[PDB]
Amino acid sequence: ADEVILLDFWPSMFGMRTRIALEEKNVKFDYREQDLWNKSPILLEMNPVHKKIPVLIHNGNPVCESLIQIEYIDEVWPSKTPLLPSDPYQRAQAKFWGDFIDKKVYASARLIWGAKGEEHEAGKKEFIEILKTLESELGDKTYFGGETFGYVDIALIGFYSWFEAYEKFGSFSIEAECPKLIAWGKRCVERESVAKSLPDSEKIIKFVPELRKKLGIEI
């Protein structure tokens, strides 16, 4: 009777964030796969402004934007170990890195599998620099959240599911460039929340050609 619905699209690293946050809080939810090429009434009713997934619907009330949903989850299901720190400065730094990930990672990553030529190579270069900036922030910590798996980890880890695809389509190795970020990603995939929520990496690889066709990309 506390009802939680998640409107989502399986390979979305953004939706993965809200799957993971929910699993971390042990919240039971109803996952509803959406067709973004034939948008459903419920998606169009719940996110009228942007018409995007994920949408988290809690007792009929929609919360849009994946990072906003992580924070809402953290506040509504509070725990001994919070996803966001209570210290205001440390909270602001977590928000900063979430904002950074939203601004930077996807746009460069998309040029790896979804473009060709000069644009593609410039996208690969920028994507690696962005990862190195994140790897420098992580430093020698277990998680971006320090000893605890937190907001920034959740913000980034959905992208990890696509790393095999980025390596394949960009003919390069992320482990060679960012070994510590790889070690971090392996650690996070050992968590139940993450292992449950991320699709298989090969499934993503298999889907890229179909996805390219659906997005009008000819490669």
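The numbering used is simple: start at 1 and walk along the sequence shown.
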Higher average CA B factor in the deposited record is what I'm after, so tell me if that's 7 to 15 or 201 to 209.
-> 201 to 209
For the C-alpha atoms alone, is the average B factor greater in 169 to 177 or in 52 to 60, going by the entry?
-> 169 to 177
Which of these, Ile42, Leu67, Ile182, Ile157, has its C-alpha atom at the highest B-factor, as the entry lists it?
-> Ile42
Per the deposited B-factor column, the C-alpha that peaks among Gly145, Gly98, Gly117, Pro88 belongs to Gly117
State the tercile, meaning the lowest, middle or highest third, of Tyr151 with respect to the CA B-factors recorded for its chain.
-> lowest
Considering only modelled residues of the same chain, in which third does the CA B-factor of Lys141 rank: lowest, middle or highest?
-> middle
Quick one: classify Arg187 as lowest, middle or highest third of the chain based on its Cα B-factor.
-> middle
Going by the entry, which third of its chain does the Cα temperature factor of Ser79 land in?
-> highest
Sorting the chain's modelled residues by C-alpha B-factor, tell me whether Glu121 ends up in the lowest, middle or highest third.
-> highest
